[PDB]
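Chains as they are written, first to last, in the authors' numbering: chain v, 492 to 693, 705 to 734, 740 to 756, 761 to 775, 777 to 794, 796 to 819; chain I, 92 to 123, 142 to 211; chain d, 139 to 350, 352 to 370, 374 to 386, 388 to 402, 405 to 413. Just so you know, even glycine gets a beta-carbon here, dropped at the ideal spot from N, CA and C. All remarks here apply to the structure that follows.
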Amino acid sequence: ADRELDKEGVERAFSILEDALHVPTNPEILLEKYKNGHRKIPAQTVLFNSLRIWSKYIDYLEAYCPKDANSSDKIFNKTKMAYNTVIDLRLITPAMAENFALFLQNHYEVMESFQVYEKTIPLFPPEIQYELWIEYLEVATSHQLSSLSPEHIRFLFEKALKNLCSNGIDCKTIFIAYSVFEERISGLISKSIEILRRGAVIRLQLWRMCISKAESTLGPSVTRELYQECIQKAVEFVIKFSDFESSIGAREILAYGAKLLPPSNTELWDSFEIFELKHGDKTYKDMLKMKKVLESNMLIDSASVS
Amino acid sequence: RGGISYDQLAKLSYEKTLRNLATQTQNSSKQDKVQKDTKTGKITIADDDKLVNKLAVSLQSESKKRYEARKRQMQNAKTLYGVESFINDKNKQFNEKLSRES
Amino acid sequence: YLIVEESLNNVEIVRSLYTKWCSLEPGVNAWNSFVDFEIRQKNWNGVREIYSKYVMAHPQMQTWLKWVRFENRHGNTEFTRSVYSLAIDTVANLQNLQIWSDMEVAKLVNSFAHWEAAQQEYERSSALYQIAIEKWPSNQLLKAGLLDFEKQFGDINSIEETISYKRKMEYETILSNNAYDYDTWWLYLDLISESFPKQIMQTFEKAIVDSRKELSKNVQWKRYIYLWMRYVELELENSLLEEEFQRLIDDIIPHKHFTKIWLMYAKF
């Protein structure tokens, strides 16, 4: 192929490489009879299976198609059937599945590139679907030609988000993409229960903390519910987050310092928390010294237990 | 996990011997009726004596192979463990049997 | 008995043995080794006779879908849709016996449709979803498996038509479960105002303002108000404003007939 591409046209380079890729009647039987055949059956018959053959065939097509193809052209109809044949042969790698969906979005075939993500995710195992769902959900919300309804974009998240956390992946971004887009198209703070689910799946502390900042902008009635639910090494970090929420909107915070120190070992960071709560006031270094006195006595009790 | 039932184990032993019979025909190919006596009632089947021989040899070969694969397991497991107190071989095989329980 | 007569290359004795053994209805291990026997012998017409009997001995989709995995392995298109036509009629013919579950019939409808999508006939892929949902309105899995077919092979207005229904059922089942989640109301109404404009569109707005006391609640009524107002309006406005208003009635009398309805709603 490579010597003929320089000497002769790419149409000559296709035609010598078209003869490689005849998918005859049945690839399932020929693939199996080749694998079970002990070196007697030639690989001339099962030559279509080879990924290397398809990728450099396609890369000639995707290079030869013009920058404006718009589906009238023969070649854009030719590279799409050659791309779809790879998916039907099922020998498509996930970087190659992105190269076809990217291929359609440059040539304004955006609404058919959502079919491209749709066909392939089923075929792949998770830990790889997470990289396709980023590129699929981002085209749905960011690309300008995609006019999808806000109940259709919400379908694409909560079909993925439910499916993808079911097999078990951290899913930090998809939660945020379903969190960020909710203001740009809908514009209400339903964001919290959409993002609470990140904190309570069945990193996670870094999803819980940024959003409990966000409802202190909107309204304190839905902050204080999170401050309760935030606390129910990692446990100690959750207690610290609760103390910060109390400072934003003090006795509940000090008692929380007790609840957290009693949550778990060391507790000096909690001392920094109560000290922060004391420092926040613009009252008497009496309750503070009493607090350090109570903490020290608790430490002495822990030493007695040990 | 868990064990395999006898109907499943009989199928897998069925499938394994077919692959031994497949490669036996492949290794052969690489190198190169019914009569019912009406008076007695008996049925007679004419078959190749080579295939009866290859049936008889393979069963003896599988019998010796399992006999040797167990014999080495007898010689290994006798010379593995000597920590817990024993008296004879039947004590050793019993207290090892207590170890598989827990 | 089999692997000895296999070893003797007596192919007519294992065939006579298997015909007897599959007559006593033993289980799926026997039949699957009997369809694997004829693949060895290349008897393609004989193994097709077995699956005719194998679906009658074990009526279940993993025996029917095994027979379509046989036919799609060989690529014979005339034989595969004949099996597909026999599989979906027998579910319809034997509906009252109740031996295939809702998740079980969804595997047959989807594997019929995704095969017809690969056979480039999308109008047969599309129409069978309608007959299956009507033929079975009970199973949600066949309705939900209808949607994923449109996502892959359908044109965009058809997906949005079907998407609007699944969102309708899922918003309906949360609000029946969860009592006062006011943020799902403000989308469920806007689900029906956007894509379900009809008698239902007015009706839910009644059914919402039924559910409407919080600060979190009452602004939903404000939405239903203008939703009514954009399109009576005074009559429902007085009924809701009755929550309590002596200053309001004195404010009402001075600027109801004098100035508008928008002035009337300003009091509320």
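{"Asked": "The beta strand (DSSP E) that contains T153(I), what's its start and end?", "Found": "152-154"}
{"Asked": "For the alpha helix (DSSP H) containing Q730(v), list its first residue and its last residue.", "Found": "725-732"}
{"Asked": "With DSSP as the reference, please indicate the residues paired to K145(I) in a beta bridge.", "Found": "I152(I)"}
{"Asked": "Sort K804(v), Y797(v), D793(v) by Cα distance to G768(v) and report the nearest one.", "Found": "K804(v)"}
{"Asked": "Using DSSP with H/G/I as helix, E/B as strand and the rest coil, what is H529(v)?", "Found": "coil"}
{"Asked": "Leaving aside the five residues before and after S333(d) along the sequence, list all residues of the same chain whose C-beta is less than 6 Å from its C-beta, in chain order.", "Found": "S302"}
{"Asked": "Does DSSP put residue 795(v) in a helix, a strand or coil?", "Found": "Note on chain v: numbering goes from 794 to 796 directly, and residue 795(v) within that interval has no coordinates."}
{"Asked": "Are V221(d) and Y189(d) close, meaning C-beta to C-beta below 9 Å?", "Found": "yes"}
{"Asked": "Is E216(d) helix, strand or coil when you go by DSSP?", "Found": "helix"}
{"Asked": "Return no unless some Cβ of chain I is closer than 9 Å to the Cβ of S145(d).", "Found": "yes"}
{"Asked": "Identify each residue in the segment 500-532 of chain v for which the Cβ-Cβ distance to at least one residue of chain C is less than 7 Å, and report them in chain order.", "Found": "Looking for chain C here will not work: the only protein chains present are v, I and d."}
{"Asked": "Can you tell me whether DSSP reads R705(v) as helix, strand or coil?", "Found": "coil"}
{"Asked": "Note down, in chain order, every chain I residue with its Cβ under 8 Å from the Cβ of residue 414(d).", "Found": "Look at the range of chain d in this structure, 139 to 413, and you will see that residue 414(d) is not part of it."}
{"Asked": "Could you please give the first and the last residue of the uninterrupted alpha helix (DSSP H) stretch that includes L100(I)?", "Found": "97-122"}
{"Asked": "Are the C-beta atoms of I680(v) and some chain d residue less than 9 Å apart?", "Found": "yes"}
{"Asked": "Once DSSP output is grouped into helix, strand and coil, what is the label at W274(d)?", "Found": "coil"}
{"Asked": "State the DSSP-derived secondary structure class of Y190(I), mapped to helix, strand or coil.", "Found": "coil"}
{"Asked": "Apply the 10 Å Cβ neighbour rule to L636(v) and answer buried if 16 or more other Cβ atoms are within range, or exposed otherwise.", "Found": "exposed"}
{"Asked": "Which residues in chain I have a C-beta closer than 7 Å to the C-beta of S171(d)? List them in chain order.", "Found": "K102, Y105"}
{"Asked": "May I have the straight-line CA-CA distance separating residue 735(v) from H212(d), to the nearest angstrom?", "Found": "Between 734 and 740, chain v has no modelled residues, and residue 735(v) is one of the positions in that gap."}
{"Asked": "Near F672(v), which residues of its chain fall below 8 Å by C-beta distance, leaving aside the five closest residues on each side in sequence?", "Found": "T632, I644"}
{"Asked": "If the cut is a Cβ gap below 8 Å, which residues of chain I does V243(d) touch?", "Found": "Under the 8 Å cutoff, chain I gives no residues; its nearest Cβ is about 28 Å from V243(d)."}
{"Asked": "Just to confirm the assignment: which complete alpha helix (DSSP H) runs, minimum length 4, are found wholly within the segment 495-576 of chain v?", "Found": "501-509, 518-527, 542-555"}
{"Asked": "Hey, how far is the Cα of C160(d) from the Cα of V142(d)?", "Found": "19 Å"}
{"Asked": "Would you call the segment 540-550 of chain v and the segment 574-592 of chain v touching, i.e. three or more CB-CB distances under 8 Å?", "Found": "yes"}
{"Asked": "For the structure I just gave you, are there three or more beta carbon pairs, one from the segment 199-207 of chain I and one from the segment 157-171 of chain d, closer than 8 Å?", "Found": "no"}
{"Asked": "When the Cβ atoms of the segment 675-684 of chain v are set against those of the segment 646-665 of chain v, are three or more pairs found closer than 8 Å?", "Found": "no"}
{"Asked": "If you scan the segment 589-617 of chain v from start to end, which runs of the alpha helix (DSSP H) of 4 or more residues do you find wholly inside it?", "Found": "601-611"}
{"Asked": "Starting from the beta carbon of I141(d), find every residue of chain I whose beta carbon is closer than 8 Å, and list them in chain order.", "Found": "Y105, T108, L109, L112"}
{"Asked": "Can you give me, in chain order, the residues of the segment 640-652 of chain v that have a beta carbon less than 7 Å from any beta carbon in chain d?", "Found": "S640, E642, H643, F646"}
{"Asked": "Spatial neighbours of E731(v) within its chain, please: C-beta separation below 6 Å, excluding the five flanking residues on both sides.", "Found": "none"}
{"Asked": "Excluding five sequence neighbours on each side, which residues of the same chain lie with their C-beta closer than 7 Å to the C-beta of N540(v)?", "Found": "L522, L582"}
{"Asked": "With a threshold of 8 Å, establish whether the CB of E626(v) neighbours any heavy atom of the ligand GTP.", "Found": "What this structure holds is no ligand at all, so the ligand GTP is not there to describe."}
{"Asked": "Please report the straight-line C-alpha distance between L496(v) and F505(v), rounded to a whole angstrom.", "Found": "9 Å"}
{"Asked": "Within a Cβ cutoff of 6 Å, which residues of the same chain sit near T611(v), ignoring the five residues on either side of it in sequence?", "Found": "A588"}
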